[PDB]
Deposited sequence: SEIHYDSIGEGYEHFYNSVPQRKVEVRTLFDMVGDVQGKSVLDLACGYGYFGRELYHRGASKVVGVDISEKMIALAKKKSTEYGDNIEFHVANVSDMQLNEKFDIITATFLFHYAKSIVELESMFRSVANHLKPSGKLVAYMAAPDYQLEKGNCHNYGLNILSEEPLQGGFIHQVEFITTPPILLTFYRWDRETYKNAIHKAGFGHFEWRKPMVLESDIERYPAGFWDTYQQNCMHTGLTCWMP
């Protein structure tokens, strides 16, 4: 998925001298890559004690300067604003519209004026009835309808196979969440390769 990574790095653009906050950072893969492209500062946040422990361990192996915090994005307080916030596969862990809105509000509160959010999530549009994504390597096992989205149980065709639950919020739910948070504008980023897929989201503060 080169164009996914390309779009992701295109969505972020130039990071030279930019402060980056990596939300749902895991062991800090993405923030670390932006550290090597000349980010002035990188901070990582994840809700998992396990992931942040492994992140700090990896930073030791790399001898990098990256700061890691255990926090829920919905109520995190770093007492600092950043040029760029990355939130790849964070928002489909939001179990409610209120939680989704909490997360966007928290992102906005940590953005410098004219700062941008770069996100990637399960396509808001996707409905099971349209067709399953076996070809893409993602098996949709169950669909539970929510007010303004769906709960999807997804099996990734791996060995062993693993089952993930996505809260797939529709475009309108996202638009309202982005609006309430006080973003100036945003757009959906959906690349098309020549010779089911996840969607990018870029949001700019005034």
Missing segments of the deposited chain sequence, listed N- to C-terminal:
1 to 21, 217 to 233
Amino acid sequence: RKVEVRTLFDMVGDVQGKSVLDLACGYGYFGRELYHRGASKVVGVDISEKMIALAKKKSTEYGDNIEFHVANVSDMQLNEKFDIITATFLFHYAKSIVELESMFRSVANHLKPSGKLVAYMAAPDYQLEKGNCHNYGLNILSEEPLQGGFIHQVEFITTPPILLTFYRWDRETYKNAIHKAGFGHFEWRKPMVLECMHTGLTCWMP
From here on, numbers count along this sequence of modelled residues.
Entry B factor averaged over C-alpha atoms, 136 to 144 against 35 to 43: higher for 136 to 144
Averaging C-alpha B-factors over each stretch, which comes out higher, 172 to 180 or 158 to 166?
158 to 166
Highest recorded Cα temperature factor - choice among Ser96, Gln77, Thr86, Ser102:
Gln77
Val12 - which third its CA temperature factor falls in, relative to the rest of the chain
middle
Thinking about Cα B factors across the chain, which third does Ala71 belong to?
middle
Among the chain's modelled residues, which third holds the C-alpha B-factor of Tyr62?
highest
Check where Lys116 lands among this chain's C-alpha B-factors and tell me if it's the lowest, middle or highest third.
middle
CA B-factor placement of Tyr126, once the chain's modelled residues are sorted into thirds
highest
